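In what follows, a single structure is set out as structure tokens and then discussed.
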Amino acid sequence: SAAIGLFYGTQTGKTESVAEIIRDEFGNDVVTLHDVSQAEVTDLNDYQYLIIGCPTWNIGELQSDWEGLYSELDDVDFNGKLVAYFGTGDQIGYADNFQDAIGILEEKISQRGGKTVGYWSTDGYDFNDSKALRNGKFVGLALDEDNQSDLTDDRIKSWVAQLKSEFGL
Ligand SMILES: Cc1cc2nc3c(=O)[nH]c(=O)nc-3n(C[C@H](O)[C@H](O)[C@H](O)COP(=O)(O)O)c2cc1C
Ligand SMILES: [Mg+2]
Ligand SMILES: [Mg+2]
């Protein structure tokens with residue numbers, strides 16, 4: 001297996017596009033993409049480094065495929081894993097629930113032993129509240145393809161360099 005498993009869900013394809021750009025930055029032989037619409041929770045056993053990608057849907061909820069797999073996360077352990085998070089979301093239209101999904105996923109995975117890496121500054125976002133907040137930072141990379149698509153590539157580039165260092169790769 002590759003070093004990093006990137007498990008993403010997507011409804012309108014935006015988080016998947018972001019997943020592909022992250023894979024391109026790390027390299028094809030470093031990151032393997034797993035669409036959680038077809039993944040089994042035991043797939044997570046194949047990796048000591050994880051990237052969890054999830055947009056927030058209506059409203060403050062996990063993307064439907066990730067919602068489906070969320071209950072099964074208790075059937076697997078994350079001891080010794082390093083885990084990063086990214087999501088797409090809409091900070092203008094959903095300012096009270098911006099990036100809730102990655103907050104919800106990290107809460108669970110860290111409770112099951114996964115150590116979170118890749119915290120991200122809230123600088124440059126306009127929102128009211130988020131379940132991804134952790135001591136004034138986002139729990140992971142927050143992208144906004146609806147309102148800030150022109151910032152996405154630079155954000156990913158900066159985050160992956162940061163992440164590579166935190167993973168120790
Ligand atoms: C009706 C609906 C509800 C949404 N709710 C939220 C939300 O609660 N929080 C958020 O950050 N974004 C919300 N969004 C924005 C989406 O998360 C955003 O468009 C994202 O890029 C979609 O990712 P995907 O294409 O991978 O499914 C919502 C979008 C729609 C249309
Ligand atoms: Mg397997
Ligand atoms: Mg449970």
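Residues in the structure tokens are named by chain (A, B, ... in the order shown) and by number from 1 within that chain; ligands are numbered from 1 in the order shown.
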
Neighbourhood of ligand 2 at 12 Å, counting only C-alpha atoms and all ligand atoms, reported as a ChimeraX atom specification: /A:1,34,39-47,76

All alpha helix (DSSP H) residues (DSSP, backbone) inside chain A, as an MDAnalysis selection string: chainID A and resid 14:26 64:70 100:111 152:167

Nearby polymer residues, ligand 1, at most 8 Å, only C-alpha atoms and all ligand atoms, as a PyMOL selection string: chain A and resi 9-17+54-61+63+87-91+93-101+143-146

Output file for the residues above (C-alpha atoms, as a PDB file, in the first residue's frame):
ATOM      1  CA  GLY A   9     -16.611  11.803  -0.039  1.00  0.00           C
ATOM      2  CA  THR A  10     -18.196  14.117  -2.570  1.00  0.00           C
ATOM      3  CA  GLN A  11     -21.673  15.037  -3.792  1.00  0.00           C
ATOM      4  CA  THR A  12     -21.000  17.663  -6.475  1.00  0.00           C
ATOM      5  CA  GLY A  13     -17.380  16.624  -7.206  1.00  0.00           C
ATOM      6  CA  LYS A  14     -15.556  19.572  -5.619  1.00  0.00           C
ATOM      7  CA  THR A  15     -13.914  17.676  -2.743  1.00  0.00           C
ATOM      8  CA  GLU A  16     -12.843  15.002  -5.238  1.00  0.00           C
ATOM      9  CA  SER A  17     -11.161  17.631  -7.436  1.00  0.00           C
ATOM     10  CA  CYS A  54     -15.359  15.704   3.506  1.00  0.00           C
ATOM     11  CA  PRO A  55     -17.646  18.572   2.543  1.00  0.00           C
ATOM     12  CA  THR A  56     -20.501  19.690   4.745  1.00  0.00           C
ATOM     13  CA  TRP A  57     -24.011  19.251   3.404  1.00  0.00           C
ATOM     14  CA  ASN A  58     -27.475  20.333   4.402  1.00  0.00           C
ATOM     15  CA  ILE A  59     -26.822  21.411   7.058  1.00  0.00           C
ATOM     16  CA  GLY A  60     -23.838  20.960   9.297  1.00  0.00           C
ATOM     17  CA  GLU A  61     -24.030  17.297   8.285  1.00  0.00           C
ATOM     18  CA  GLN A  63     -21.594  14.283   3.104  1.00  0.00           C
ATOM     19  CA  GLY A  87     -13.074  19.897   3.351  1.00  0.00           C
ATOM     20  CA  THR A  88     -14.818  22.066   0.852  1.00  0.00           C
ATOM     21  CA  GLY A  89     -17.619  24.291   2.069  1.00  0.00           C
ATOM     22  CA  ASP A  90     -19.467  27.563   1.502  1.00  0.00           C
ATOM     23  CA  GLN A  91     -18.618  30.209   4.091  1.00  0.00           C
ATOM     24  CA  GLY A  93     -24.137  30.619   2.323  1.00  0.00           C
ATOM     25  CA  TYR A  94     -23.482  28.456   5.396  1.00  0.00           C
ATOM     26  CA  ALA A  95     -21.615  30.761   7.755  1.00  0.00           C
ATOM     27  CA  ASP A  96     -22.954  29.132  10.923  1.00  0.00           C
ATOM     28  CA  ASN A  97     -21.877  25.619   9.845  1.00  0.00           C
ATOM     29  CA  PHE A  98     -18.761  26.212   7.761  1.00  0.00           C
ATOM     30  CA  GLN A  99     -16.672  23.014   7.558  1.00  0.00           C
ATOM     31  CA  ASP A 100     -18.630  21.252  10.319  1.00  0.00           C
ATOM     32  CA  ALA A 101     -18.056  17.865   8.625  1.00  0.00           C
ATOM     33  CA  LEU A 143     -11.305  25.131   0.979  1.00  0.00           C
ATOM     34  CA  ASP A 144     -14.107  27.156  -0.530  1.00  0.00           C
ATOM     35  CA  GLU A 145     -14.567  26.370  -4.214  1.00  0.00           C
ATOM     36  CA  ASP A 146     -17.856  28.331  -4.297  1.00  0.00           C
TER      37      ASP A 146
END

Shortest interatomic distance to ligand 3 - which of A:51, A:109, A:64, A:78, counting only C-alpha atoms and all ligand atoms: A:109

Residues near region 147-159 of chain A, cut-off 12 Å, only C-alpha atoms, skip fewer than 2 positions along chain, as a PyMOL selection string: chain A and resi 14-15+17-26+51+84-94+117-126+140-145+161-167

Expected answer as a ChimeraX atom specification: residues within 8 Å of ligand 3, only C-alpha atoms and all ligand atoms: /A:71-74

Residue nearest residue 28 (chain A) among A:111, A:2, A:70, A:106 (counting only C-alpha atoms): A:2

Separation of CA of residue 35 (chain A) from CA of residue 65 (chain A), in Å and rounded to one decimal: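 So the answer is 8.7 Å.
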